Amino acid sequence: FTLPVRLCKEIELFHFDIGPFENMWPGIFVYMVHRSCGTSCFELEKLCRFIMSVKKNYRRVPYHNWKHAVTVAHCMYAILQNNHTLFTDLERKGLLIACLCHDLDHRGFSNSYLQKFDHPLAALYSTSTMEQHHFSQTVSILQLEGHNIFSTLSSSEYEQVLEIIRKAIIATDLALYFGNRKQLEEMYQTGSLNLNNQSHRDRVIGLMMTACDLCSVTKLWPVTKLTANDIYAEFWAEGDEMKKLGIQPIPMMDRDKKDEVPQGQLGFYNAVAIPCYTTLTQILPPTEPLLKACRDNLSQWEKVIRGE
Ligand SMILES: Cc1ccc2c(c1)nc(CCc1coc3ccccc3c1=O)n2-c1ccccc1
Ligand SMILES: [Mg+2]
Ligand SMILES: [Zn+2]
């Protein structure tokens with residue numbers, strides 16, 4: 001497989017939509033891997049077995065699916081390329097694998113669901129429930145025979161890459177974004193943020209995981225609109241099951257209030273999405289097309305509320 005040349009320069013666009021090229025997404029990740037880290041950074045043998053076993057371990061849920069992991073992975077690719085100068089090979093290796101893997105085996109279900117009804121995984125993992133599991137899956141497949149793509153790493157360089165991926169996967173729990181984005185906002189406007197400080201890198205990386213994770217709000221409006229169907233299809237199913245017992249789900253998961261969606265978008269943009277890309281853009285000025293595309297979509301949703 002080789003990427004049809006009519007992309008190449010289209011893959012480098014922040015707003016790039018992977019949708020129409022489903023049979024290609026395994027080759028795009030290889031492509032995004034090949035371009036970034038160089039080719040021979042893994043054995044092409046064990047990157048494919050890895051890619052394809054990550055794949056098959058995504059469920060046929062409407063949104064937290066294979067298509068989404070590739071959409072997050074792609075967005076890390078675009079962020080990295082435009083920030084070539086200031087990440088390391090061991091980082092640009094783990095972060096792309098971490099993005100492809102960060103929702104592994106998702107069930108179409110919130111952490112709040114899995115705890116409010118004694119779900120066994122929340123018995124395992126009491127905080128960051130689904131995200132501690134995604135990392136769990138990642139480690140399993142890695143250790144499966146002929147799948148350790150990090151075999152060509154020294155001892156202390158292998159346990160390094162594992163840490164980055166773990167941290168990045170955990171940071172995709174939106175409940176930790178809010179504190180992390182606010183810690184990041186203090187330092188930059190006190191002036192005290194130091195990219196040499198390892199723990200600051202972790203915050204920065206965490207936010208880059210957050211920005212990638214929500215990046216269907218940074219696409220061209222037609223694409224960003226259709227993705228929203230998939231997000232609510234899945235919220236509405238989680239609410240439908242909170243309903244089956246007799247419990248009224250938050251209006252975000254209540255299908256009986258689709259009417260309320262464009263308002264909830266705008267507020268979600270104004271409370272989650274715009275602050276995140278706003279911060280990422282101050283740390284990483286090249287990521288500003290993400291912020292610009294987020295504004296554009298927000299005003300789109302405002303026209304939807306305002307009758308236009
Ligand atoms: C009736 C109603 C009440 C609240 C709604 C709402 C509708 N729609 C939302 C936002 C739902 C949503 C969640 O995760 C995403 C992840 C990536 C990209 C977009 C989204 C997204 O739109 N919210 C919301 C969620 C969080 C904060 C503010 C609003
Ligand atoms: Mg998730
Ligand atoms: Zn996700």
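Read the numbers this way: they start at 1 and go in the same order the structure lists the ligands and their atoms. Side-chain atoms are counted along with the backbone in the values below, which use heavy atoms only and exclude waters and symmetry mates. Nothing fancy with the numbering, it's 1 onward along the sequence.
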Is any NZ, NE, NH1 or NH2 atom of the basic residue among [X] and [Y] found under 4.0 Å from an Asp or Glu carboxylate oxygen of the other?
{"X": "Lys167", "Y": "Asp202", "result": "yes"}
{"X": "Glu45", "Y": "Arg49", "result": "yes"}
{"X": "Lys9", "Y": "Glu12", "result": "no"}
{"X": "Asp230", "Y": "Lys67", "result": "no"}

Members sharing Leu176's hydrophobic cluster, built from side-chain contacts under 4.5 Å between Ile, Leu, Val, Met, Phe, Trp and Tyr, are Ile170

Those residues at least two apart in sequence (or on a different chain) that pass salt bridge (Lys or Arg N to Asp or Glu O under 4.0 Å) with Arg181 are none

At less than 4.0 angstrom from any non-hydrogen atom of [X], what atoms of ligand 1 do you find?
{"X": "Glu260", "answer": "1 (C)"}
{"X": "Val217", "answer": "18 (C), 19 (C)"}
{"X": "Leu214", "answer": "16 (C), 17 (C)"}
{"X": "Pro251", "answer": "1 (C)"}

**Prompt:** With a 6.0 Å cut-off on ring centres, are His119 and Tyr113 close enough?
**Reply:** no

Check: How about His64 and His134: are their ring centres within less than 6.0 Å of each other?
Finding: no

Tell me the protein heavy atom at minimum distance from [atom], and give that distance in Å.
{"atom": "atom 7 (C) of ligand 1", "result": "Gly264 CA, 3.6 Å"}
{"atom": "atom 12 (C) of ligand 1", "result": "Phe235 CE1, 3.9 Å"}
{"atom": "atom 26 (C) of ligand 1", "result": "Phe268 CD1, 3.4 Å"}

Exercise. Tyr232 to ligand 1: N or O pair under 3.5 Å?
Worked result: yes

Before signing off on this row, confirm whether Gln265 and ligand 1 have an N or O atom pair separated by under 3.5 Å.
yes

Counting only N and O atoms by type, is there a donor-acceptor contact under 3.5 Å from the side chain of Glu288 to the main-chain atoms of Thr281?
no

Among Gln263, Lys258, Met252, the residue with a heavy atom nearest to atom 3 (C) of ligand 1 is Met252

Among the N/O/S atoms of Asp103, the Zn ion (ligand 3) lies closest to OD2

Between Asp213 atom OD1 and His68 atom NE2, the angle centred on the Zn ion (ligand 3) rounds (to 10°) to 80°

Given a cut-off of 2.8 Å, the protein N, O or S atoms lying below it from the Mg ion (ligand 2) are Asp103 OD1

- Taking the six-membered ring for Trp, are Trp66 and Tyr58 parallel (under 30°), tilted (30 to 60°) or perpendicular (over 60°)? tilted

Here the salt bridge (charged side-chain N to carboxylate O under 4.0 Å, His left out) pairs for residues 75-99, sequence neighbours left out, are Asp89-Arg92, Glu91-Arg201

Please report the C-alpha distance between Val72 and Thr172 in whole Å, then the side-chain angles of each, then the deciding distance to 0.1 Å, and finally whether the side-chain contact (heavy atoms from CB on, under 4.5 Å) criterion is met. CA-CA 11 Å; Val72 174; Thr172 57; 6.0 Å; no

